[PDB]
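*Asks:* Once you've seen the sequence and the experimental structure below, I've got questions.
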Amino acid sequence: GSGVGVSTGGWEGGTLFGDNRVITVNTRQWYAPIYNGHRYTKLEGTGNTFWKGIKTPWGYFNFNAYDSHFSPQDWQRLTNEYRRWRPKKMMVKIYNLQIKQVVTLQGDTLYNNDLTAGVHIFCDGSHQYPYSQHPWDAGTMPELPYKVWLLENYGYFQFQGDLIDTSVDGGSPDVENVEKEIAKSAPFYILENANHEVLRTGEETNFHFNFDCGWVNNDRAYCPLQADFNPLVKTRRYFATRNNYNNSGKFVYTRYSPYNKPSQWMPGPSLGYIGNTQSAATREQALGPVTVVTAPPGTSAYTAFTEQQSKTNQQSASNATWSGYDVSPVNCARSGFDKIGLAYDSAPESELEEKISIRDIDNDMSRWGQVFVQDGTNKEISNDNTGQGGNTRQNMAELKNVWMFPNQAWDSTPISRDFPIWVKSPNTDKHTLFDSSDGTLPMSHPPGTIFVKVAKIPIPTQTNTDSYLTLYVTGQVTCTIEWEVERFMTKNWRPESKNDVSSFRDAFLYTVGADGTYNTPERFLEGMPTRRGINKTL
Amino acid sequence: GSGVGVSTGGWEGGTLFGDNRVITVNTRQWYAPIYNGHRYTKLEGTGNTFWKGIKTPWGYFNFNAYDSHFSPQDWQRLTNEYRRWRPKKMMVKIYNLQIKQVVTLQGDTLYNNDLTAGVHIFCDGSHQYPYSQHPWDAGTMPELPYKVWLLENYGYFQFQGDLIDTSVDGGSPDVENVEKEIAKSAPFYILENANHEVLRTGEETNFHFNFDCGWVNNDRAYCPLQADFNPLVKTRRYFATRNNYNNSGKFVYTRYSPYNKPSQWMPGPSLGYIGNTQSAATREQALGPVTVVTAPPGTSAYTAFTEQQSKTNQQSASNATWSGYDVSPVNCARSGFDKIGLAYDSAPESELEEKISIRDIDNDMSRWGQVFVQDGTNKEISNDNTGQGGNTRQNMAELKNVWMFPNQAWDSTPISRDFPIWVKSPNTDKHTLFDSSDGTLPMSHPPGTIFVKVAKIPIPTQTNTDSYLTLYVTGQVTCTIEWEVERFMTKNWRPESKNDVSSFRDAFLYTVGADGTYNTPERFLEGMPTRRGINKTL
Amino acid sequence: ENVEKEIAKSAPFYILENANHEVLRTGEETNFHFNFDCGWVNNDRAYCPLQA
Amino acid sequence: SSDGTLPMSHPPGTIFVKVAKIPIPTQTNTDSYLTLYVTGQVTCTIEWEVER
């Protein structure tokens, strides 16, 4: 029935492919140590960074990656057989809890099971506590179901080091000092305010969640946005040409070629900034296409001066890297820069080799390589009537920076097997269109973070100082996501490109080696990206 | 409603993929000329061949190929997504009939439509008429739905030229002459004995058929039949070893290695004969692994002598090619010889280039490369006791010819997109196991052949000699086959090899060229063979 | 690894004979219906600058 | 749209027409088709939603 000696659950796993739904059940073996010695402590970054925050005696389940949910073949069969997919509903189950005590009886350490020790488990569904989980973090659910998963210590941003800096001395209150105020109005969160469960070995718990999100599109456009037309018909439109290069000139009109027709569809947005590669040795300064210094109006961030035009505190571009936070990749709809923004490793905690994979391959023609703008004649106009031309002029130029504009249509980046699934959309009042250059699906309320700490069992002391019993929790978590899928249909005659393994460069991959080392892809193609062969009529 | 000016049907096409069923609808534009001038005539092969038969004023719909039913992508999606398939039921519809008359009013020829001209359409479901349709014939339904399809003239074998040869003179009856009797008991078939429809432009017809057949398996074995075992456990079996090489010897026993264990599963049958490559210039002599001379006991075939042991007429191996019929490929379960038996062209009626494709790639490990047999010690035994060995002896030998034996298990050849679907199983009393080295599925009663001729409209003549009106039939045929399919399921972790186009050597393929020439694969991999990536636990 | 080789491989080719469609003769006819979902076309002008 | 058009997700479906291919028997077996064309009448009726 129930008790210390009957299991709360069993190992579930596998996948079910279906026409309208895919259901991926996954179970892992996890354990949570005592984090930070059961205490909230101020987290300050070493080196030069002004990030300051709280380190928390808690740890959390991060379920956000694809490769954690799909196996390599479940991924392949997913991307090959389906046009698009999104999650519908997720159900996590935390069970088979076991709490072990760590005692050192001698030089040796012995691990004996202490019943009646609890574990705190808290799912924040309302997101009342800071959501500090980031996509592209190394603490997600392991892709190998037989690897044990160590939960990650939780912590959160609190205040900005250089926005608390100036004149914050506590001698007397300064109400007009704005940096004094930022530090005063900075929050501090404690997870013991919240109602949450305490479980023992016999107890279990589970959580359900219903996604509301966009799709993940697996099909490619074979045609440029502007190239889809019929050369067999002649167009009705003419293009203007200046004739005499002077004031007496006028535009003379001649018909476009059938093979060159104008279009109403602009290129999707992009920023032509590739990020800083200066060979800077500091890893914590901002190296990124767009670095953003958040400072409130009265504040002085790091070393700041007043621009005398606006009389506002501003920074030099070199100092800003200290005070600011980069955003990458910003390339958005430009596929020419795919290689710039994303580079990542699959292998967690492996000091053996880097195995850095970069997104090289995109065959989707709805994403553009370059945009050129051409504003007139190649030679400046003479101010007199008659006359011949003038000083030479730059007719054409590359547009590096393409912002959002009407009639823009593009496709999001192809995602590999190991990417994050979703990203937390900010709780700000205003949002523009959601397109993530890392391919993630921003959601207003993503799955609530599940926090775990180990109940604190005190040790009586004569000195009355805090002494806690050293013990940890291990258990089993089953994450079952239900995925809404769409099978593709096409009238295309020719065969599509399917993400075969034959294109892999390394023969032995997704398999263990002699010593048990699981071989993972070091390349983006070997990660079986989406948007490969399935053609999409423009 | 009905009449000369309303169409009997419409163009149907496409495909429907489903979990349990795939339905491929295909429509073509066909035409049948007047075959052989409305007369049955004796068909005799030029060159040296004894094949003799009838040429018939009829033509027929041949629906047997895969590439006619599936498009290149329908094939790819079929082979990638499904474990096995077989046909369930076929429905053909012959409609939009149009009969045109060919008249030459002058040097010019003009084509005018003659109403009230019939067309004969006969489906032989009972197979009461010779089934002369062969797999690997060039007259099947075109793979391109927009190509017009010329039906093939029908004809059938009647008697064997060298089994009618000797002493067949009609001076007096010889009842003891057996070759005289073969010619007497040879059949002659006429398709005007059979009930069949005569249609005009307003009329249509259709036919239904229900397949009863085996499957077509798309999955491969990754393991040799004999290699599946657990080296972690030590076997209980010992192998014998002769010790002293003489009469006093005996077998001494020692345990197999854990990595080498005996098996009960024999290799599937094969014949190690690769066929004759002598650079013979005669195309109609038998070049094939097994050539079979059918002669009844009393008959003398070509140049024959009496073997004096059995006192029966026999032939020399060189003369037999004249009198006999090869069977290819005979390799059956040996995949080492895949390259030998099958070579074929996709491109019909194209004198431009050969484009000969040969089946090279088979990764299925249930098919064996070689079989070796080893019968004892390496040195002949001395007849005395004591003594040392003897004359040297051949311990091991290759078994070239492996017949059918108990506990044999193997897999049929992987088939490409363009192969025949089925083959007519003979109406003989006895049959062994059905395994076709061309991959076809033998059926007792395959789809009944649909015959078409154009009604003969006479021309009055003073000389009373036979003169017929020159006119032909064009129409539309819709073949709809329903396929029973099985989606694969696997616990395999690693990604499977999917028949991507990326492995194709030619980039422009399955697409028209500048002059409209449809580019077809010249290689076997580019034809997307079955049994590629889907793994089958042995 | 040649990407341009791949673009040519993954380029589609369409044939309109794959699709179910009607074949008509002189006596036959056909018709088609469609329901638009679209914005408007505005025929009125603003006489004032946005900022005036 | 700077040309004033109304972009629609699914505009009216394109109506395709070809003339059935009627073959001509040939000794050389090369493709020879009968030369003929189609004429007809098409009535397009659009219903427009308006605002006075």
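*Replies:* Thanks, I have the structure now. Numbering: from 1, shown residues only, chains lettered A, B, ... in the order given.

*Asks:* Spell out the secondary structure type for whatever residue of the stretch 51-200 of chain A ends up closest to chain B.
*Replies:* Evaluated by Cβ to the nearest Cβ, the stretch 51-200 of chain A has residue A:76 as its residue closest to chain B, separated by 4.2 Å. Using the backbone N, CA and C atoms, a C-beta is placed for each residue, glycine as well. Look at residue A:76: counting by DSSP: H, G, I helix; E, B strand; the rest coil, its state is helix.

*Asks:* isn't it right up against residue B:493?
*Replies:* No: contact criterion Cβ atoms under 8 Å: residue A:76 and residue B:493 do not qualify, at 10.9 Å.

*Asks:* Of these two, which one has the most company?
*Replies:* A direct count of neighbours by other Cβ atoms under 10 Å in any protein chain shown for residue A:76 and residue B:493 places residue A:76 higher, at 24 against 16.

*Asks:* list the contacts for the residue lying closest to the more buried one once chain neighbours are set aside?
*Replies:* Residue nearest to residue A:76 in three dimensions, not counting chain neighbours: residue B:495, with 4.2 Å by Cβ to Cβ, 6 or more residues apart in numbering or on different chains. Counting by Cβ atoms under 8 Å, 6 or more residues apart in numbering or on different chains, residue B:495 touches A:72-73, A:75-76, A:499, A:501, A:510, A:528.

*Asks:* Tell me the one of the residues you listed nearest chain D?
*Replies:* Nearest to chain D among the contacts of residue B:495: residue A:499, at 28.9 Å, using Cβ to the nearest Cβ.

*Asks:* Who's the closest spatial neighbour of the single nearest residue of chain A relative to chain B, skipping the chain neighbours?
*Replies:* Chain A approaches chain B most closely through residue A:500 (3.5 Å), counting by Cβ to the nearest Cβ. Sequence neighbours aside, residue B:500 is the residue nearest to residue A:500 in space, at 3.5 Å (criterion: Cβ to Cβ, 6+ apart).

*Asks:* Go ahead and list the helix or strand containing residue A:159.
*Replies:* strand A:152-160 (DSSP states H and E).

*Asks:* Run through the neighbouring helices and strands of whichever helix or strand comes after that strand.
*Replies:* Proceeding N to C from strand A:152-160, the next assigned helix or strand is helix A:178-185, under DSSP H and E. Counting contacts by 3 or more Cβ pairs under 8 Å, 6 or more residues apart in numbering or on different chains; DSSP states H and E, helix A:178-185 packs against strand A:152-160.

*Asks:* residues touching the closest residue to chain D within the stretch 401-538 of chain A, list them.
*Replies:* Residue nearest to chain D within the stretch 401-538 of chain A: residue A:407 (6.1 Å; Cβ to the nearest Cβ). Contacts of residue A:407 were listed using Cβ under 8 Å, 6+ apart, and they are A:264-266, D:1-2, D:7.

*Asks:* mind listing what's buried in stretch A:311-319?
*Replies:* For stretch A:311-319, a neighbour-count test (16 or more other Cβ atoms under 10 Å in any protein chain shown) marks A:313, A:315, A:319 as buried.

*Asks:* Give me the phi and psi angles of the closest residue to the second one other than its chain neighbours.
*Replies:* Put plainly, it is residue A:315. In this structure, residue A:315 finds its nearest non-sequential neighbour in residue A:304, 5.2 Å apart by Cβ to Cβ, 6+ apart. Backbone dihedrals for residue A:304, given as degrees, to the nearest 10, come out at phi -130, psi 150.

*Asks:* Just give the number of residues close to residue A:304.
*Replies:* 20.

*Asks:* how about it, what does it touch?
*Replies:* Residue A:304 neighbours (Cβ under 8 Å, 6+ apart): A:295, A:313-315, A:319.

*Asks:* switch to 10 Å and redo it
*Replies:* With contact taken as Cβ atoms under 10 Å, 6 or more residues apart in numbering or on different chains, residue A:304 is in contact with A:162, A:166, A:293, A:295, A:312-316, A:319-320, A:323.
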